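Input: a single structure, listed below in structure tokens.
Cβ: placed from backbone, ideal geometry, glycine included. Neighbour counts: every protein chain shown. Just so it is clear, none of the values below were taken in a lab; they were calculated from the coordinates.
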Amino acid sequence: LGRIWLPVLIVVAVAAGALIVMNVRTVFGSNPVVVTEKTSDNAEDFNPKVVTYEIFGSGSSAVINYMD
Amino acid sequence: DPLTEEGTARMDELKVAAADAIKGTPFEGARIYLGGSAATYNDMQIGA
């Protein structure tokens, strides 16, 4: 391999250098924005508790104030 | 001095702190952008 050893080793070295270049070149940057995760709850109406107000008396009418 | 090795190391801490402050609030899903001299030189050091 007197006339084969040189070009093969040259190609091997060039491939190694290209691989190193490709790997490290992309590491820079790659983190421009930060996006926080979202964890919401299911907004549904199943078995809602029911509150009832009742006003009654011997009078005809009344004035009523209440808290919703 | 913000333009030192100590100054540029605070950039990740700020982003972590803001992301943790947002956690659990209606602000979830927000986007955080950090800029300035110290951030610029942090990026410069990584690139170098």
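Quick one: if the Förster radius is 22 Å, what FRET efficiency do B:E28 and A:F46 give, using the C-beta to C-beta distance and rounding to 0.05?
It comes out at approximately 0.35.
For Cα pairs less than 8 Å apart in space and 6+ apart in sequence, what is the mean separation divided by the residue count of chain B, i.e. the relative contact order in percent?
The value is 50 percent.
Can you list the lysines whose alpha carbon is less than 21 Å from that of B:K15, not counting same-chain residues fewer than 8 positions off?
A:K38, B:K23
When you look at the Cβ of every residue in B:17-26, what mean number of other chain Cβ atoms sits within 10 Å?
If you average over the peptide's residues, the count of other-chain Cβ atoms is 2.
Round to a whole angstrom and tell me the spacing of the C-alpha centers of chain B and region A:35-64.
45
Would you mind putting A:7-18, B:27-38 in packing order, based on average other-beta-carbon counts within 10 Å, highest first? Walk me through the numbers before you get to the answer.
Working: A:7-18: 9.9, B:27-38: 12.2.
Per-residue Cβ counts within 10 Å, averaged per peptide and sorted highest first, yield B:27-38, A:7-18.
What do you get for the angle between helix A:5-25 and the principal long axis of chain A? Use alpha-carbon atoms, 0 to 90 degrees, nearest ten.
20
Mind listing the long-range amide H neighbours of A:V34? Cut-off is under 5 Å, sequence gap 5 or more, other chains count too, H placed in the peptide plane at 1.01 Å from N.
B:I32
Per-residue Cβ counts within 10 Å, from other chains only, averaged over A:26-36: what number is that?
The per-residue average across the peptide is 4.
How big is the charge dipole of chain A about its Cα centre, in debye rounded to the nearest 20, if each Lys and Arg gets +1 on its Cβ and each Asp and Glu gets -1 on its Cβ? Intermediate results must be reported in sequence, preceding the final value.
Values: 4 positive and 6 negative charges, 196 e Å.
I would put it at about 940 debye.
Quote to one decimal, in nm, the extra length available between A:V34 and A:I20 on full extension: 0.36 nm per residue of separation minus the C-alpha distance between them.
On the way: separation 14, 0.36 × 14 = 5.04 nm, distance 2.84 nm.
Length gained between A:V34 and A:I20: 2.2 nm.
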